[PDB]
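# Geometric and topological summary
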Amino acid sequence: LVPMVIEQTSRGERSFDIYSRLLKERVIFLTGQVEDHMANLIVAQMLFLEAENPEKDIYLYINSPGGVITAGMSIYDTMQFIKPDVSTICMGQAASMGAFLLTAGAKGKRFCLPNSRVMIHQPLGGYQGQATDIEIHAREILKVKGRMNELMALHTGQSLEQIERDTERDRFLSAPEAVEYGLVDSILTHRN
Amino acid sequence: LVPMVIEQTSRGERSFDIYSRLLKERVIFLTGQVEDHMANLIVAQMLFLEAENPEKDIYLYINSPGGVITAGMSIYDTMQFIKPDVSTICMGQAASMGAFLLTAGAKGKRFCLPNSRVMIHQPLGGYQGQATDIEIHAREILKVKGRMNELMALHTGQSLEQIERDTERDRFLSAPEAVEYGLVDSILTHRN
Amino acid sequence: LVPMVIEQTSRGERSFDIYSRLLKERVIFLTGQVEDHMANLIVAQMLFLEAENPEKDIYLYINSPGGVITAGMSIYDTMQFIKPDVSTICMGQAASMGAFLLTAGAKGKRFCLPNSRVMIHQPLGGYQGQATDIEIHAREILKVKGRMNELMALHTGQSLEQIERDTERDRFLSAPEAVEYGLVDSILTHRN
Amino acid sequence: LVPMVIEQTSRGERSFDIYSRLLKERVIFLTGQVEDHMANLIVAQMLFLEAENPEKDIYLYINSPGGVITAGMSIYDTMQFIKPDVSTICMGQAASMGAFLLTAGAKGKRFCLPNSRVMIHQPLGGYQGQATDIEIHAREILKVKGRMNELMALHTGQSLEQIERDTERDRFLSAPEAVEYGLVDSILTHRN
Amino acid sequence: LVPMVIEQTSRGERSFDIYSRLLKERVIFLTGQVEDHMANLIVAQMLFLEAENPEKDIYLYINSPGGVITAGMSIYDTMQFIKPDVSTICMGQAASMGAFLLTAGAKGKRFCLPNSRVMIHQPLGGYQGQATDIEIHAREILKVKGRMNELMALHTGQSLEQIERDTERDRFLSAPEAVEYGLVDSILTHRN
Amino acid sequence: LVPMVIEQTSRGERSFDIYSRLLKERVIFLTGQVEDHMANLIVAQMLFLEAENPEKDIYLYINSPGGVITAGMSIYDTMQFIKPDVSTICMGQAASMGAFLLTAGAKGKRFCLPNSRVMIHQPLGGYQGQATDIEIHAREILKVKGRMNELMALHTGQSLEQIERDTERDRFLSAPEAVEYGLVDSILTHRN
Amino acid sequence: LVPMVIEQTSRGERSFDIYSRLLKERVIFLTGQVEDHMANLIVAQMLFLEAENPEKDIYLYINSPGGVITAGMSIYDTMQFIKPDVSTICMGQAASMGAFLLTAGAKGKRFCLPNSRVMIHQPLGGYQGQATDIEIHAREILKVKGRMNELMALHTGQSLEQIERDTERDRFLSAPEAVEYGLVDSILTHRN
Amino acid sequence: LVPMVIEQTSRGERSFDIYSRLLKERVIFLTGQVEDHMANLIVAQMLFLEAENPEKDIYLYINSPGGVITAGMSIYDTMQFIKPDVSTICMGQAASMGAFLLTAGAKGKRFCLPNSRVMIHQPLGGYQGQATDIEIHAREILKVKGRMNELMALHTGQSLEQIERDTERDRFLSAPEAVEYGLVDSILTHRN
Amino acid sequence: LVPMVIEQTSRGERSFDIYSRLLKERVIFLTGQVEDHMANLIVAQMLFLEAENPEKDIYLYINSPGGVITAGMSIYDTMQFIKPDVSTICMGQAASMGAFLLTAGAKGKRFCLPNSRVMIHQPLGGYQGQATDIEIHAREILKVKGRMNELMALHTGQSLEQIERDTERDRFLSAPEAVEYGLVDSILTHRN
Amino acid sequence: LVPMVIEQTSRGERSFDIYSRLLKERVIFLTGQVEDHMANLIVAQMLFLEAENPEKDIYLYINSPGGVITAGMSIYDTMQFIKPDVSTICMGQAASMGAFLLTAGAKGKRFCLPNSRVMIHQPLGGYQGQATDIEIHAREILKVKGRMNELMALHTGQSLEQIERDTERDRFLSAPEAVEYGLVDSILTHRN
Amino acid sequence: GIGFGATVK
Amino acid sequence: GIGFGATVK
Amino acid sequence: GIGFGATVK
Amino acid sequence: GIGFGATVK
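Residues numbered from 1 in each chain as written, not as in the entry; some residues may be left out. Chains lettered and ligands numbered in written order. Part of a larger assembly, values for the part shown. Heavy atoms only, no water. Residues with missing side-chain atoms left out of burial classes, pairs and counts.

- The deposited coordinates derive from cryo-EM, with the record listing a resolution of 3.19 Å.

### Thoughts on the interface of chain B and chain A
- Facing 34 residues of chain B, the contacting portion of chain A comprises 38 residues.
- Carbon and sulfur atoms supply 59% of the area buried between chain B and chain A, which totals about 3300 Å² over both sides.
- Sorting the residues of chain B by area buried against chain A places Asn115, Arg169 and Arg191 of chain B first, and these three jointly supply 20% of that buried surface.
- Inspection of the chain B/chain A interface yields four salt bridges.
- Across the pair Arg11 of chain A and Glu13 of chain B runs a salt bridge, and its minimum N-O distance is 3.4 Å.
- At the junction of chain B and chain A, the tally comes to 13 residue pairs in polar contact.
- Looking at the side of chain B that touches chain A element by element, the count peaks at four residues for helix α1 (residues 18-24) of chain B.
- When the residues that make up the side of chain B that touches chain A are grouped by side-chain class, the tally is 17 nonpolar, 11 polar and six charged. (Contact = heavy atoms within 4.5 Å. Buried area = accessible area lost by both parts, 1.4 Å probe. Salt bridge = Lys/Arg side-chain N within 4 Å of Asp/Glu carboxyl O. Polar contact = N/O pair within 3.5 Å; in protein donor to acceptor, adjacent residues only side chain to side chain. Helix = DSSP H or I, 4+ residues; strand = E, 2+ residues; numbered from the N terminus. Nonpolar A, V, L, I, M, F, W, Y, C, P; charged D, E, K, R; others polar.)

### Regarding the interface of chain G and chain B
- At the junction of the two partners, chain G supplies 20 residues and chain B supplies 20 residues.
- For the pair chain G and chain B, the summed buried area comes to about 1500 Å², and 56% of that belongs to carbon and sulfur atoms.
- At the boundary of chain G with chain B, the tally comes to zero salt bridges.
- At the junction of chain G with chain B, the criterion picks out 12 residue pairs in polar contact.
- Those elements giving two or more residues to the side of chain G that touches chain B turn out to be β8 (124-130) and α5 (131-156) of chain G.
- Sort the elements by how many residues they give to the side of chain G that touches chain B and α5 of chain G lands first, with eight residues.
- Its residues placed into classes, the side of chain G that touches chain B shows eight nonpolar, seven polar and five charged.

### Considering the UniProt feature "active site" (unreviewed entry) in chain A
All names here are of chain A.
- According to UniProt, the "active site" (unreviewed entry) feature falls on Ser96 and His121. Across 26 residues of sequence, these annotated residues stay compact in space, with a maximum C-alpha separation of 6.0 Å.
- Tracing the chain through its elements places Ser96 in helix α4 (residues 96-103).
- Excluding anything up to four places from it in sequence, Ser96 contacts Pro65, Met119 and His121.
- The topology assignment puts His121 in the loop between β7 (117-120) and β8 (124-130).
- Among residues more than four places away in sequence, those in contact with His121 are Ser96, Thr167, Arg169 and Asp170.
- Within polar-contact distance, the side chain of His121 engages the side chain of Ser96 at 3.1 Å. (UniProt positions renumbered as here; feature names shortened; annotations may be inferred.)

### Brief notes about helix α4 (residues 96-103) of chain B
- The buried fraction of α4 of chain B is high, at seven of eight residues.
- Residues of α4 of chain B that are buried include every one of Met97, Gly98, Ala99, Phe100, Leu101, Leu102 and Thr103 of chain B, and no others. (Buried < 20%, exposed > 50% of the residue type's maximum accessible area, 1.4 Å probe, protein only.)

### With respect to the pattern of salt bridges
- Counting across every chain of the model gives 131 salt bridges over all chains.
- Here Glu25 of chain H and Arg21 of chain H are joined by a salt bridge, their closest N and O atoms 3.7 Å apart.
- The partly exposed category is assigned to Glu25 of chain H, whose relative accessible area is 49%.
- A salt bridge links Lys24 of chain I to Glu7 of chain I, with the nearest nitrogen and oxygen atoms 2.7 Å apart. Of the two residues, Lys24 of chain I is situated in helix α1 (residues 18-24) and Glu7 of chain I in strand β1 (residues 4-8); the sequence distance between them amounts to 17 residues.
- You can call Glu7 of chain I buried: its relative accessible area is 9%.

### Looking at the relation of the copies chain B and chain A
- Each copy of the sequence occupies a distinct position, and chain B is placed on chain A by a rotation of 51 degrees and an axial shift of 0.1 Å, giving an RMSD of 0.0 Å.
- Both copies present different contact surfaces, since only 6% of the interface residues of chain B are interface residues in chain A too. (Least-squares fit on C-alpha atoms.)

### Section: the packing of helix α3 (residues 69-81) of chain I against helix α4 (residues 96-103) of chain I
Residue and element names in this part refer to chain I.
- Where α3 contacts α4, the two axes come as close as 10 Å, and the packing angle between them is 5 degrees. With respect to their mutual orientation, α3 and α4 come out roughly parallel. For the pair formed by α3 and α4, the contact residues are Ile69, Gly72, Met73, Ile75, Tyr76 and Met79 on the first element and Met97, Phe100 and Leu101 on the second.
- Here the contact of α3 with α4 is built from residues that sort into eight nonpolar, one polar and no charged. (Axes fitted to C-alpha atoms, helices over the stretch in contact; angles between N-to-C directions. Parallel < 35°, antiparallel > 145°, perpendicular 65-115°, else oblique.)

### Topic: the packing of aromatic side chains
- Per the counting criterion, the structure on display carries 38 aromatic pairs over all chains.
- Ring geometry for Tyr19 of chain H against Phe29 of chain H: centres 5.5 Å apart, planes inclined by 80 degrees, an arrangement best described as edge-to-face. Of this pair, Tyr19 of chain H sits in helix α1 (residues 18-24) while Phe29 of chain H sits in strand β3 (residues 27-31), placing them 10 residues apart in sequence. For the pair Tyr19 of chain H and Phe29 of chain H, one class covers both residues: buried.
- Members of the aromatic cluster, joined through ring pairs, are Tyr19, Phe29 and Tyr61 of chain A, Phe81 of chain E together with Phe4 of chain M. (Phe/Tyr/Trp six-rings, centres within 6.5 Å; stacked < 30°, edge-to-face > 60°.)

### Points about the state of the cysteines
- What the rule picks out here adds up to zero disulfides over all chains.
- Here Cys112 of chain C is not cross-linked by a disulfide; its sulfur's nearest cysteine counterpart is in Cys90 of chain C, at 4.3 Å. (Disulfide = S-S within 2.5 Å.)

Rendered as structure tokens:
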């Protein structure tokens, strides 16, 4: 169940669901595994908020263990296309693709809550079939791995060689270490 | 869950779901596997937008790993029938049938986001039964393969011999290579 | 999910689902497998449109791999009963029963989209039990096969002997061949 | 999904589902297998239409392979109780219990569409337990078989001995043979 | 099913669900296992109530056997970020993560009903793979265990050494013992 | 399905579901097994009715085979906290936890319908693991058993030794015996 | 279980299983479905009996519904290679491959028991994959069908055109009709 | 069941199973799928026959659809190590690995029965995991593919380029075509 | 099935199974996955052959994808304990534990067949439970990893640092590379 | 499969299975999980060897992850009853009950192979039912835990307090540490 | 109308 | 409009 | 606004 | 012997 809230306006009272209420204030939630359907919904929200106001920041709240890459790159490419600065915040955790969408936010507007945790690794995949087809799909996921490391280096500021060494295996980063690593910019410990 | 948005009009406020809101602005989403039911829904949207305004472009956003061919050809034939120019955009990925609907868009109005990826191969199928029936279904899928290669050559500009060689096995194309291959026209890196 | 559309009228704005919107313009969709429940819904739509206006054509859009025969004959008998001319269009595919409902449309108002494909075969069935019961159900499905071939010959214009030879096994017909075979009348390549 | 239709009235426009729209015109659908819940719904519709107008005919459209007997006899006893004449029409098929509800309609107002098919047999049942309990349930279903044959003879006009011989095994009747057998009265080939 | 209630206002009557009604009075329910989706919903409620009024206390009613840690830390970090004092109440039980969110409430505003019961233990986890990966995930959950014990000590007032000894295995605390342990502040035996 | 009812008021007609209608008259239903989610719903209803009117009695109708204890103690502690007297009625049956919530009602306002039946036993539980953990969970459920027997003795008026002897195994009490046992106060045979 | 029999010899008594006893008298059983393992066993028996005596006839008793073709052609090619004349007898039934091994016996030494039944059809097969692979496996099974019809014509004496017409679908032959068809030579009604 | 045979010797009669009898005459059967256990058994037979007599030919009868490669290369390397010439014969079929062991036989002593069929393709495989591991297993199976094509070229006499083109997809060879292709040497049509 | 062989001796003929025959000549087979039961059988064979003759070499033929470590170390420790030199040979493949038992053979008496392949990686494992238990099992498998790398370095002659780098991920070694790596000593290409 | 060996005696040759051969030399294997049936077999072997010779040592080779306690105590009590000294050896691993039977061997005759590993923990168990039954089974497994720690202290020489601390959780001991801990006496690195 | 057959401006 | 292709102020 | 970044009175 | 390493006449 999803609670319903009421917004007071000049015309009259208005009934909203809680997630649609926050969308009115330019807040998007990225929850759970990243798949084609949920990601296609986040794209629709970003495009809508750009049209409603292209000069006001969009906020993307991330609590996800990651998922499909191609579904996540649809979110990434949209964030870079649109004019508004997509601020990203990590709540709970932001793993493999969730961490890539976290660091892909606008520079200076990427945050981590004080006890959140970030995880980064290299792409996972697989194939079954002839050796000629295994070579094709093996070359492809390596190109994806190279592309994801270049973009990680671009946004984090690190070198491509450093990103390659750290993402060969799973690497957990606390919220302070994510700041030092360039993955996020600061921490929202308390409200001021 | 699908968020609800509000549109301000002269008559009064109006509550929409996010997907129906974008349909009002002539935007259609092709998400997930291509099947008869989702495809029959996309046809209904294209026909409706033609009637509402036959001189304004329709936009078809594609993030799909492909699916049934006969379901996809219902979308293709509709796009060519209607007067409006169906612009196509690739988000995340556009595989076997999704790539065919991508390149089938209006010439000059086919796009790929900078990190999207396109995949093309030949039809998949199968049958179990008598040898006389196996010959019938084997001849049919070969005719389908020939028809899909001719239309790929028509829209991409390549030769039929080139399409046949490249689609014998899976072939991945990055967004720049798709432009060079005639599959799409340009890239939407940033908004200008 | 099904998008919602808005129709502008003199009284005021009106919210419709996309399938109900097209029903207002005398368009019916026959999608997926033919069963008793979906077919009983198509009958209800045809009867309703006859009552609303008995002199305006009804349009039945077909994208189906066929299904139960008795469910399909309820659609066929309704189409012949009602006064309006039921125009049929094939999108994607129209197989065994979908092809019978395609050719059963009003003469001169049966169409195929340029890349659609039609398939025709003889009835499928089966029974398990005593030999006396096997004889009963075997005689019945043969009577059904004879009845379906007579009606196919009536609407296609072919002879009963030709329909019997062609439907002994699966036979695929492209959209041009369906025109030459009398199964449909013309092709909607482009809008003029 | 079920389409929504609009009815124009003096007070204003009114939104209906298609099945509820036809109920307003005294039309009931008996679709699928006969069970306690769907049958209890048909009883509620018949009682409601009697109260709204007891002098106008009710129409029961049948497309069913039969089902539970006790669920069907609730429909039968209601049809005989209420004052309005329940006209019955067979669409697609009307098997074991559906055929009993077909012939149970008002005399002179029972119809079959030209390609529909009727099937009649004796009750099916079963039990597992002690021999004393097997005798009880075996005697009961024989009483049911005797009662169903008497009522079949009453409405069809045939003799009880003829109904017993024909229902010992499955017997299919085309729409013309159903007229000759007294099961229905005429055929709705075309509208006049 | 969820009952609907009516609120009397100056403008008119207003229909609410019972959970949305209590949200209007700044009451949130944390029920069942702690997962990403339910936790992302509680965050949305806390943020909304802060915006509506940042000086009025929020109430979080807890009846949960715990669940995922990363989902719970998103709730914890939100409670500490927002300006309003999040009062916590334990109903029925508050186990591993539910107990951490209970003690994380505002100091002086943490309560237990007289027969509720609290349980605390150390994190649960697991991994399957190479020894190099087992070392990574084993080091991580130990860091989580250390972080959860520090925060437990901060809010309960106990020492870090005491929290470590008591959470090595499951430890149940009645409502009086929770007060003596610093986990909660008082008991709501009766209303005064 | 849940029927909808209409309430006539001065402002106008009002549509309610049957369960929400009775909630307006301060009636709550405790049906089925006692779990965290249904119990958290009953708590929300009791708190709401206290706020609407703290001097009018609340009625809790019980037909339950019991369930989780911690979920039931959230209902019990709420009933004792709130100012209104929670009258309890047993319909059909009130077993292990349902019987505890039955006897926990306000003194003099606990009832049983004439053919209802009450069952009481000791807590059920279990654990699998090390012997050190088995000792912890075994000691805990014994403390719960002791607490549930003390509260049973408080409300029934019996001695703690009598409750212990009777709850060592399942004990069924008819509606007259429940009155003699102090579990309920009287019987609602007929309305006067 | 398999019974054991005793053979009296000059050296002494000898214990045999019943199937090994009959092998000593040059009798082989082909029972059940034709697979690689049972067929590789029949080949071993034929080769052994050739070596023991190359001038004495081998008897192959067939009661099989057929099976894999490649397993059966190993039996066929062995029968034609070895010098002894492999007499074949049909007991119960000899279907698709069992009928091919029946007619493949030595001319004049092929028999059917009076109530046995023979069935012949065309090969069954199937494949799932790319269209290029479907063409390969479809061409192959057609070559197998052509090869099996040529060998059927060689041994039965019929023409290749007659075998093609009769094997397009399942065709049952009684023991007299098998003699008239050239499939077997005579019938063992009684022993003389 | 496996029949037992008797061998007459000077010392006395001797009971053998049929497969062990043929092993005494230097005949080995390779039946069914190639796995580690059956292959380790064939190696034990070859080594034993070498020791018993190193100057007498060993015969390997092949009826197999192939299987694991590493299990088959244990058979291949043994055949090349031992001094006796391993003659190979194809019965029924010899597919991917069975064809490699067929052509690996001694030159001039490789045979096909007249209706046997040979199939050759490239290795099948697969992996699921990180991209770094996919590259490792993808490179390995390509090295295996290269090694299997070199050895196929060595024994067949064809060029490495010809073997690569023909094994990119499944290729069926009849017994005459296998002789022309160098895969086998001659055909055992009849015994002379 | 396992073939039976005959050994000629002075006392008389003797029937053996093929695996027991080779055991008489001091040959042991290590086939399939390494588990406790098969490994406990190999230990029994090694101990028996030591007692029969402690000065004659034992041969261990390896075709295994590895398995449990503790089962394999029982084989390793036995090989080092007994006085005879355990020669090892790789047939087909010798993966993770099979490679460790291969290199553990007597120095100078370790062989690989020309097309065999060796694979080495680090231990695999896993655990589910409390963090305190995860630390225990994580420390243990790291000690095992360290012990297995030391013994690999001892027998291969490489350095501990080289073994650690190469076994961090799967590493395949052909038969020539295994010789160069010190894993085996030479190759048995042909018999001389 | 289990290999067969031959023993040379004065009377004649004798065929044995490998496990029965070693039993003749007073060697018993304890392999796999400890259950009632395998343990009842080990008891039968120990009793038999005592009767054959009561002054010669019995050897029990252990490679087991433990299992049921009651099955293991039947082995322990037998080892202490019989006069011969039961020497124990650990191969691969000896976990919870296997370690108890290892240390229960005769003092001075308990060994570990150089790379074996020992694990000790407290008993595992569980129950589901009434609280009165949970108390009974919880008290019992605690008595078992106390009894197993006393016997561990008796044989290892450690104190009862030390055994209790070390067995609260899983504790792995290498072969050297087992010697230092009193669990075994020495190591069989090489044969001398 | 909206459909294929119906004409649109 | 709202989409990629449509222009926004 | 409502979010983390947005300021509230 | 019989094995690989053992020599045969």
